Every structure is written in C-alpha cells, then in structure tokens.
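Note sheet for the following structure.
Numbers restart at 1 for each chain; the letters A, B, ... are given by sequence-line order, proteins then strands. Every heavy atom of this structure was used, including side-chain atoms; hydrogens, water molecules and symmetry mates were not.
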There are 2 protein chains.
Amino acid sequence: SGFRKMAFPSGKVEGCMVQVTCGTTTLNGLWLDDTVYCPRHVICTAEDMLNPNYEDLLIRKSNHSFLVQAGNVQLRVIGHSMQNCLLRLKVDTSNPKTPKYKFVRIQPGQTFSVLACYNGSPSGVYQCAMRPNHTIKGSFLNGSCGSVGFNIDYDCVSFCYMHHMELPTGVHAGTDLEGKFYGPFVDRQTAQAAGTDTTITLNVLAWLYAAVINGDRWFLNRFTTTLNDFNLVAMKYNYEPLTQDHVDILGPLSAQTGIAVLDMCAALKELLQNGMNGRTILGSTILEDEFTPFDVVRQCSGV
Amino acid sequence: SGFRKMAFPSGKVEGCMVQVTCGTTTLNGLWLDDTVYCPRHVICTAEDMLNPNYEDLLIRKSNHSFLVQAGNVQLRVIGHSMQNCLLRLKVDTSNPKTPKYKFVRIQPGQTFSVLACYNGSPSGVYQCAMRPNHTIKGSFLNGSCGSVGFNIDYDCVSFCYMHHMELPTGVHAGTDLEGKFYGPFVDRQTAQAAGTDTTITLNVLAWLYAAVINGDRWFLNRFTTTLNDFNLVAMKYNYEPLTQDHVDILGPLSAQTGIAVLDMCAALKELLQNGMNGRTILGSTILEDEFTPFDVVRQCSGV
Ligand SMILES: *[C@H](O)[C@H](C[C@@H]1CCNC1=O)NC(=O)[C@H](CC(C)C)NC(=O)OCc1ccccc1
Ligand SMILES: *[C@H](O)[C@H](C[C@@H]1CCNC1=O)NC(=O)[C@H](CC(C)C)NC(=O)OCc1ccccc1
C-alpha cells in the first residue's frame, strides 16, 4: 500500500563509466566493448564553446590528445571519430564488465534512470522523464556531461540519453547514444531556450490508476466525458491531448481496476476544474506525471 | 539550478544480494565475506508468524534446511546462528565482490538508499529517511524482506537497515545489521501500529537553505524569533522542536548563504502560519523533510 519514484539498479552501468580529459576540459564517457562514447564538446576550450566548428576542432586532434582513465588505469586510444554530437574513441581494451545492451531513442513522456557522474566516478542515481519539449528536469553540476540515462529489461541495459547541457531555466538537454539531440538544441553556448512544456496526460492517468490499485478512490465520480470534450479542458490547463492510442495503452490498468478510461478521464477533468481539496493521491498534493503506465505495472499489484 | 532526491549508486550492494529459501518461505539476504545476513522469520511457516518462539523454531533446523542461491550457484551453509532478529549463515565461499563496509545504526531524520529486491535479485533503488516514529515510508511488496539500506562515504558501504515488515498504515519497519529493531516493533504478525509521526524540522530548514543556494529567496523575511517562541508553533504544527544542536549543524549552510539560523526559523514560522501562496520551493508545493543538511551539501554549490 505504498508507492514512489524508483530508479533502476545501477551496477551494470557503473562499470562502464570513465574519465575523458582533453586539455583543461574533463567529462565522463561510456566504455562499451572496445569503444568509448562521449560528448564532442570535450575538445572545445573556454572560448571555443560560443561558436565551434567541430569539424575544424577535431582535425587538430590526435589519438594521443585524448586521455582516458578507468580508476587508476589509463586507456590507450587507437582511433577516434565523430558521430553527430558524440565522439567514438577506440581503445586497446574491451571493457570486461560490458553488459548485454542496446541503444534506444526514447519518445517523450517515457521515463529512465540517470547515473550522475563526475570525473568518471558515479555520484548518484535518480529517475527522470523526457518532457514533451524534449528536455529533462535533472540535477547536474559542472562536470556532469557524459552521464547517461538507461532502462533495464531482463538483464539488458537500454541506453537512451547522454547529458550535454543545462538551459537557462535550469532544465537539461542531451542526445541519444547515436549523437542526435533530443529536441531542437545544438551543442553551443548560444541563446537557446526550452519551448513551452505541457503535462503528460497519459502518465497522470496511469498514476490515478495506481492510486486506485493502492486502495484509494476518493477522486472517482459518476460523470463521464467524451474524448473531444476532455481535450477542450486539457488544452486550457496545458495538458497534452488524449488520443485513442493513449486510451488503448491504459487497457490493462483499466481492466485490473474496473474503471473505464473515459471515467478516469472524467475524474481527471473534475480534479482539474476544482483543484484537490487539501487532499493527496499516493501521498502527493499535486497531479504527478513522471510515471508511465509501464512503471505503474512494474511496481505494484493488488486492489 | 536544479535539485532533487538522489540515491546512492547501488553497484557495490548488488553484488551481495542472495536468495534464502526455507520450506515455502523465500526472501533476500546479504552476503558479506563468508556470512549471509537475513531476517529470522524466514524459518516460520504461514501459521507460525502470529506467535513464533524463534528459539523453538531454530533448534529444529539444520545447516541443510537453508537453501541459498547467488544467481545459478547454490551456496553451502556450514554454520548458522541467531543474532537478535537476524540469522547469520556461514558459507564455504567468501563473496569475491564484498566491498569495504561497516554496520551503522542510523538516528532518526537521517537518510539512506534502499535497494529493493525480490527472490535475490535487485529490482530498484530509492531514497528514504528514518522517520521519528522509527518507520520508513517505503515501497515494498511481498518477498522484499532482507532488502537493505545503506550510505556510501568514499568507497565504503555503511549498511544501516534490513527490511522485516509493513505496518497497517502502509509504512515499513526493520532492523540494523545487528538485528536490533528500529522502534518498538517485534517480528510478529500481531497488532502493532506506528506511533504519531512528526515533521523533521532540521531537514526542512536544510532544504530552505538549498532553496536559497539555488537562487530562490521569496519566503525569507525581516522578522526573527527566539528558539523558545519558534518551538511554540513547532508544537502546534507537529514539527520536532529545534535544539541548539540542530542550530549548530546548520552552520556551514547559514554561513554559505548569509542567513542566520533564527531568521530561517522566522521564515519557516511565517511559512507555517500562512501556508504558501500557490508557490513552490525547488519545484515542490510542500515543506519537504527527507533531505538532511549533509544531503544538501553533497548535491549543490553556488548562490
Ligand atoms: C558539461 O559538463 C556541462 C554540464 C552543465 C554545466 C552546468 N550544469 C550542466 O548541466 N555542459 C556545459 O557546460 C555546456 C557546454 C556545452 C554546450 C558546449 N554549457 C552549458 O550548459 O551552459 C549552461 C551553464 C550553466 C551553469 C554553469 C555553466 C554553464
Ligand atoms: C517479508 O518479505 C515481508 C515484507 C512485507 C510483505 C508485504 N509488504 C511488506 O513489506 N514481511 C512480512 O510479511 C511480515 C512477516 C514478518 C513480521 C514475520 N508480515 C507483515 O509485514 O504483515 C503486513 C502485510 C501486508 C500486506 C500483505 C501481507 C502482509
């Protein structure tokens, strides 16, 4: 009868983190079999980061101009290359502690754990979701670039995010493990800003079903809505519209619970139009949106 | 300029988790050098758990009546013993992946990470605090007993909690790694209940300093209080009284920030007596109390 934000266990990823040092710039990278992935801005200097041409910067570099540590050991770079916003560094060693793994591009709304690292060494782990404006509400200090995000699905690590930068509003932006940014950002110390964020409706609904599965039913109601009429209020409270695809996803949850999706929608419309009367759902006073339908099922069981 | 609940990286502890199976009862245990720690109620049957005499139950058991798995491998028990609410099981193998470690008894208010496990295998990690009524607000399903809690301080794991049970209100109770319970609980399926909880004042204050260190100052004020006058309102809002020891602990935070402790107190008294005007501190709408002064310093830096 309890329920909260849970991060994936982080051992499989700890063994892949390493230092990458290039002049006076030090950040983290990811050592999979004989390759090390890291943000390309590791080769800029202080000046460089306002307007770099990474083509230009990288032809100036040698395999020896990159220093890589794994605790004590130094690692020999024997090749380097650029894949969009990451460098791939070849090394003379296969990481013996490389897990079964995949590179995935996540869609917005989806959640993942991030292992926050500094100077190659893990510092903490926490759970995060990709916002609809393609940022994440992270916790990242100077030196965190290269920290990764990931899910685990039956011993197989799915890497989905590498950290590159913090936007003026305090939110964070980055790329998948193929170097393509999430969002319209570029890896440049310039005037960029996060676009308007919205609430992830699918996850809010997922969490209300969790509230019911943990015994709690005070917000439900008799009324009901259509999809169209629910979206009219979604818009004016800045919630993503609900789609038949999203309704379908809430299938197992609505089945386990007895509550049709559009009734949970009517409940949410009621909660939006009237706040919540000094009440809480699963210990929270606010509608929380960083749990997916799949997180909810992972955690709990019973009604 | 961002800030949240962060758990310790969990790799050093993942390598110590194992299954312990005894008839039809299966739970987790902790494999340090040649010893495995686990809750003693692993030897009860369904009936037994209402009123066990664990003396009685254990003289009936043999080293062979305990089954221990570490993934595939089965482990040979060659000794067993009872230390208050834990069993110590001797095995023919030293865990090769045992870290530098300590057993610590935490005090209330202090925080730790828990690695939630089922059938010997890690499932998730999250951050938790020992409430003043000696429970924790956890997330634990059937089969979670034996899951541990821990901090890390320069590569050395400090184990402080083993999970034993869930109280009727949905909160959780357990022991240190010497088998002494936190709180007046016993490991018995009987009528027990959590006593009245209170808010951890020290941590709330710690977090307001974090709010200032992340730029944010809207709740501060000109007024000030004495310690005595602040406690009169602490009582009637169910906050722990503040003590000169607690004032002293907030020393580095008040120094880094410019704000004397009793002024932050006056700010908090103001926030208590007038709610918060649809405002948030570090993204939260509520006074949050599961960060210690030491967590706060760990995370951030800058004003
Ligand atoms: C890489 O370690 C770093 C992580 C930033 C630094 C502060 N908080 C973070 O998340 N990335 C950058 O510093 C980035 C440089 C690349 C785009 C070339 N610049 C940036 O993120 O500007 C924001 C900033 C905020 C606070 C201090 C310094 C920079
Ligand atoms: C050990 O795996 C288990 C963990 C409980 C089970 C459900 N949620 C938990 O945290 N411990 C017990 O089941 C405990 C037995 C020992 C005291 C002998 N009994 C208990 O905690 O009763 C509460 C309960 C709640 C929901 C389902 C079953 C039991």
Filtered by a 4.5 Å non-hydrogen cutoff, the part of residues 272-295 of chain A contacting chain B is A:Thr285, A:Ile286, A:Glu290

Listed by residue number, which members of residues 156-167 of chain A have a heavy atom under 4.5 Å from any heavy atom of chain B? A:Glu166

At a heavy-atom separation under 4.5 Å, does A:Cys128 approach chain B through its side chain, its backbone, both, or neither? both

Under a 4.5 Å cutoff for heavy-atom pairs, which residue among B:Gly2, B:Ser1, B:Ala7 has the most contacts with chain A? B:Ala7

How long is the gap from OG on A:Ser139 to CG on B:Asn214, to the nearest 0.5 Å? 8.0 Å

So A:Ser301 and B:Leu141, do their side chains get closer than 4.5 Å, heavy atoms only? yes

With B:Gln110 via side chain to side chain contact (heavy atoms under 4.5 Å, CB included) - residues at least two apart: B:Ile106, B:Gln107

Greatest number of heavy atom pairs closer than 4.5 Å to chain B - which of A:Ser123, A:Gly138, A:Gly15: A:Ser123

Most contact-rich option vs chain A, by heavy-atom pairs under 4.5 angstrom, among B:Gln299, B:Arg298, B:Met6, is B:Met6

Quick one: do A:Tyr126 and B:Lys5 satisfy side-chain contact (heavy atoms from CB on, under 4.5 Å)? Show the steps, please. CA-CA 7 Å; A:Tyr126 52 88; B:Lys5 267 166 197 157; over 6 Å; no

Using heavy atoms and a sub-4.5 Å threshold, report which of residues 187-200 of chain A line up against chain B, by residue number. none

Any sub-3.5 Å donor-acceptor pair from A:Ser10's side-chain atoms to B:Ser10's backbone N or O? yes

Drop me the distance from A:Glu14's CD to B:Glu14's CD, to the nearest 0.5 angstrom. 7.0 Å

